[PDB]
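**Student:** Please see the structure below; I have some questions.
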Amino acid sequence: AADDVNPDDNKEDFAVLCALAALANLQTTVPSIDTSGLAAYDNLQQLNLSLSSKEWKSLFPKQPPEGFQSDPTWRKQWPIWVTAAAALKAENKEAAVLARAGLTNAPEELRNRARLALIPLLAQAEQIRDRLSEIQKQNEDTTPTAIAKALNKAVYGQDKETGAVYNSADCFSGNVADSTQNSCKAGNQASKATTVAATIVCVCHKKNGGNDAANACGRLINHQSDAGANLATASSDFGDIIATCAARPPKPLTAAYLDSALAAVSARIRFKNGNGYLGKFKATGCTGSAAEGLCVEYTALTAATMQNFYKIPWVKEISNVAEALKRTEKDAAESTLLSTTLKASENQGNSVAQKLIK
Ligand SMILES: *[C@@H]1O[C@H](CO)[C@@H](O[C@@H]2O[C@H](CO)[C@@H](O[C@@H]3O[C@H](CO[C@H]4O[C@H](CO)[C@@H](O)[C@H](O)[C@@H]4O)[C@@H](O)[C@H](O[C@H]4O[C@H](CO)[C@@H](O)[C@H](O)[C@@H]4O[C@H]4O[C@H](CO)[C@@H](O)[C@H](O)[C@@H]4O)[C@@H]3O)[C@H](O)[C@H]2NC(C)=O)[C@H](O)[C@H]1NC(C)=O
Ligand SMILES: *[C@H]1O[C@H](CO)[C@@H](O)[C@H](O)[C@H]1O
């Protein structure tokens, strides 16, 4: 019976699935967009405003005044100016701005020369700040909570940040089917095994009624019960199986780690007779019977249609997280430098008075 599903025959598939199941209820840090440069630019805007004429200061309203409501620069800059005016209203803020810049009690001629000296500096800093602001916006949905929810959808079919647990109603799309064979199919019209947890049930469960493949996923599982007939009571058996797993992903979670996990699974799916299979398959279907199979049947999956594996909900959710992280990793690294530059521009602005006095 070497060709039947025996204890440990799905052990290596189970190690890969355990790594994926450990993405449930995840508490990870994400790569941080360094936005300290936004504050540095705001400080430059405040210095610029402080040094401006009484006529300019008088402008500061929800939109530019009549005559400028359609000027594209005023439309762009209005909220930035308004924020600077508001921040300068705060007790002793303007005095602190001027002191940092060497412009306390500055003669009027010096205030004007200083403001003019800031024109090229601010023009250089604008596009740097605008890129940093764009990165912030582009990445604002790459958060620990959004990742946890997506990964809990992947593992357990539960769109929640924490407290996700095995429940067949959520782990199998629409709950378990009439038969194990139908429950353990994914990608077909009647796709059912749409989570990592359902995949583990299908690849690892002990069916009731004899001729089961208990301990296919490892001899150290203590199957205290079974999955029932046709997965009717899979939850108790899943608890025994998952108790043997304690994979931990790298922290912070990376796109590379997630991509490597999906590639590993992809490299293990085997094609036979027009379907793909994860887990040992002998004949008939992925039924939980030792002489048939303990597997997921990727119905109609072939090497040439493998793109469809990436549309299965769990795979798509993990892929989406990986893609979000892939972008945020790079944008976080870019933002470090944008922010350091903007802080450097603030320091430059604070020095122009020394030059001009001399
Ligand atoms: C630091 O703080 C200073 C103030 O101390 C602030 O300066 C102001 O910046 C705005 C930037 O848009 C300047 O706006 C221009 O204003 C002229 C008209 O100027 C009169 O009116 C203002 C209103 O109070 C007075 O303060 C000023 O002294 C003048 O009396 C407009 O003609 C300009 O429009 C052209 O440029 C825009 C781009 O800046 C274009 O979007 C617009 O379409 C216009 O360009 C087109 O027309 C031009 C024909 O003239 C042509 O040459 C172009 O090629 C194009 O075809 C603009 O609205 C304002 O004057 C500045 N004020 C002072 C006192 O300097 C800085 O902005 C602030 N720094 C930063 C980085 O925030
Ligand atoms: C698993 O159970 C099925 C259905 O009873 C049987 O056909 C196989 O021989 C057994 O291994």
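In the structure tokens, the first chain shown is A, the next is B, and so on; residue numbers restart at 1 for each chain, and ligands run from 1 in the order shown.
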Sorted by chain and rising residue number, list the residues of chain A at most 10 Å from ligand 1 (counting only C-alpha atoms and all ligand atoms), each with its closest atom pair and distance in Å to one decimal, as a tab-separated table.

**Tutor:**
```
residue	atom	partner	partner_atom_place_in_ligand_line	distance
A:41	CA	ligand 1	71 (C)	9.5
A:42	CA	ligand 1	72 (O)	9.7
A:44	CA	ligand 1	71 (C)	8.5
A:45	CA	ligand 1	72 (O)	6.0
A:46	CA	ligand 1	1 (C)	8.8
A:47	CA	ligand 1	1 (C)	8.4
A:48	CA	ligand 1	1 (C)	4.8
A:49	CA	ligand 1	2 (O)	5.3
A:50	CA	ligand 1	5 (O)	8.3
A:51	CA	ligand 1	5 (O)	6.7
A:52	CA	ligand 1	5 (O)	3.8
A:53	CA	ligand 1	5 (O)	6.0
A:54	CA	ligand 1	5 (O)	9.0
A:55	CA	ligand 1	24 (O)	6.7
A:56	CA	ligand 1	26 (O)	5.5
A:57	CA	ligand 1	5 (O)	7.9
A:58	CA	ligand 1	24 (O)	8.9
A:59	CA	ligand 1	24 (O)	7.4
A:64	CA	ligand 1	23 (C)	9.7
A:65	CA	ligand 1	23 (C)	8.8
A:66	CA	ligand 1	23 (C)	9.9
A:67	CA	ligand 1	23 (C)	8.5
A:68	CA	ligand 1	58 (O)	6.7
A:69	CA	ligand 1	58 (O)	9.7
A:70	CA	ligand 1	43 (O)	8.4
A:71	CA	ligand 1	41 (O)	4.8
A:72	CA	ligand 1	41 (O)	4.6
A:73	CA	ligand 1	41 (O)	4.5
A:74	CA	ligand 1	12 (O)	5.4
A:75	CA	ligand 1	41 (O)	8.7
A:76	CA	ligand 1	12 (O)	9.1
A:77	CA	ligand 1	72 (O)	6.4
A:78	CA	ligand 1	72 (O)	8.7
A:80	CA	ligand 1	72 (O)	7.5
A:81	CA	ligand 1	72 (O)	6.6
A:84	CA	ligand 1	72 (O)	9.5
A:112	CA	ligand 1	5 (O)	8.6
A:115	CA	ligand 1	5 (O)	7.0
A:116	CA	ligand 1	65 (O)	8.3
A:118	CA	ligand 1	1 (C)	7.9
A:119	CA	ligand 1	69 (N)	6.7
A:120	CA	ligand 1	71 (C)	8.8
A:121	CA	ligand 1	71 (C)	8.5
A:122	CA	ligand 1	71 (C)	5.0
A:123	CA	ligand 1	71 (C)	6.2
A:124	CA	ligand 1	71 (C)	9.3
A:125	CA	ligand 1	71 (C)	8.5
A:126	CA	ligand 1	71 (C)	7.0
```

**Student:** Within 8 Å of stretch 164-171 of chain A, which residues of stretch 180-292 of chain A show up? Give each one with its shortest atom-to-atom distance in Å (one decimal) and the two atoms involved, counting only C-alpha atoms, rows by chain then rising residue number, as a Markdown table.

**Tutor:**
```
| residue | atom | partner | partner_atom | distance |
| --- | --- | --- | --- | --- |
| A:193 | CA | A:171 | CA | 7.3 |
| A:194 | CA | A:171 | CA | 6.9 |
| A:195 | CA | A:171 | CA | 5.5 |
| A:196 | CA | A:171 | CA | 7.9 |
| A:197 | CA | A:171 | CA | 6.1 |
| A:198 | CA | A:171 | CA | 5.4 |
| A:234 | CA | A:168 | CA | 7.3 |
| A:235 | CA | A:166 | CA | 6.3 |
| A:238 | CA | A:166 | CA | 7.6 |
| A:239 | CA | A:166 | CA | 7.9 |
```

**Student:** Which residues sit within 7 Å of ligand 2, counting only C-alpha atoms and all ligand atoms, listed as a PDB file with N, CA, C and O atoms, in the first residue's frame?

**Tutor:**
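Listing of part.pdb after writing:
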```pdb
ATOM      1  N   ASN A 211     -10.638   3.492   7.083  1.00  0.00           N
ATOM      2  CA  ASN A 211      -9.858   3.631   5.863  1.00  0.00           C
ATOM      3  C   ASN A 211      -9.394   5.058   5.660  1.00  0.00           C
ATOM      4  O   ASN A 211      -9.375   5.588   4.550  1.00  0.00           O
ATOM      5  N   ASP A 212      -9.096   5.755   6.748  1.00  0.00           N
ATOM      6  CA  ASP A 212      -8.661   7.127   6.743  1.00  0.00           C
ATOM      7  C   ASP A 212      -7.134   7.178   6.551  1.00  0.00           C
ATOM      8  O   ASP A 212      -6.435   6.180   6.538  1.00  0.00           O
ATOM      9  N   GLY A 288     -10.315  11.933   1.221  1.00  0.00           N
ATOM     10  CA  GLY A 288      -9.939  11.584   2.571  1.00  0.00           C
ATOM     11  C   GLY A 288      -9.776  10.102   2.757  1.00  0.00           C
ATOM     12  O   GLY A 288      -9.283   9.654   3.811  1.00  0.00           O
ATOM     13  N   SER A 289     -10.142   9.318   1.783  1.00  0.00           N
ATOM     14  CA  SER A 289      -9.933   7.890   1.861  1.00  0.00           C
ATOM     15  C   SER A 289      -8.517   7.517   1.437  1.00  0.00           C
ATOM     16  O   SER A 289      -8.010   8.011   0.431  1.00  0.00           O
ATOM     17  N   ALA A 290      -7.879   6.617   2.203  1.00  0.00           N
ATOM     18  CA  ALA A 290      -6.467   6.303   2.012  1.00  0.00           C
ATOM     19  C   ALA A 290      -6.142   5.787   0.611  1.00  0.00           C
ATOM     20  O   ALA A 290      -5.012   6.031   0.148  1.00  0.00           O
ATOM     21  N   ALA A 291      -7.057   5.093  -0.063  1.00  0.00           N
ATOM     22  CA  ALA A 291      -6.796   4.526  -1.381  1.00  0.00           C
ATOM     23  C   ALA A 291      -7.277   5.458  -2.481  1.00  0.00           C
ATOM     24  O   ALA A 291      -7.188   5.098  -3.654  1.00  0.00           O
ATOM     25  N   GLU A 292      -7.649   6.691  -2.135  1.00  0.00           N
ATOM     26  CA  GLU A 292      -8.121   7.673  -3.110  1.00  0.00           C
ATOM     27  C   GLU A 292      -7.268   8.929  -3.073  1.00  0.00           C
ATOM     28  O   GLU A 292      -6.498   9.182  -4.016  1.00  0.00           O
TER      29      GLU A 292
END
```

**Student:** Between atom CA of residue A:29 and atom CA of residue A:310, measure the distance and give it in Å to one decimal.

**Tutor:**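 Separation of atom CA of residue A:29 and atom CA of residue A:310: 25.5 Å.
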
**Student:** Could you go through stretch 192-349 of chain A and tell me which residues DSSP, when run on the backbone, assigns to helix (DSSP H, G or I), listing them as a count of residues only?

**Tutor:** 76

**Student:** Tell me, in Å to one decimal, how far atom CA of residue A:281 is from atom CA of residue A:229.

**Tutor:** 19.2 Å

**Student:** Of the residues A:258, A:150, A:356, A:217, which is the one nearest to residue A:244, using only C-alpha atoms?

**Tutor:**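 Answer, going by the shortest atom-to-atom distance: A:217.
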
**Student:** Can you work out the spacing between atom CA of residue A:341 and atom CA of residue A:358 in Å, to one decimal?

**Tutor:**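 Distance reported for this atom pair: 26.0 Å.
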
**Student:** Just checking: using only C-alpha atoms, which residue out of A:86, A:5, A:325, A:110 ends up closest to residue A:352?

**Tutor:** A:110

**Student:** I need the residue nearest residue A:15 from this list: A:321, A:248, A:345, A:180. Use only C-alpha atoms for the distance.

**Tutor:** A:248

**Student:** From the set A:106, A:19, A:357, A:33, which residue has the shortest atom-to-atom contact distance to residue A:133, counting only C-alpha atoms?

**Tutor:**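 Using only C-alpha atoms, residue A:133 sits closest to A:33.
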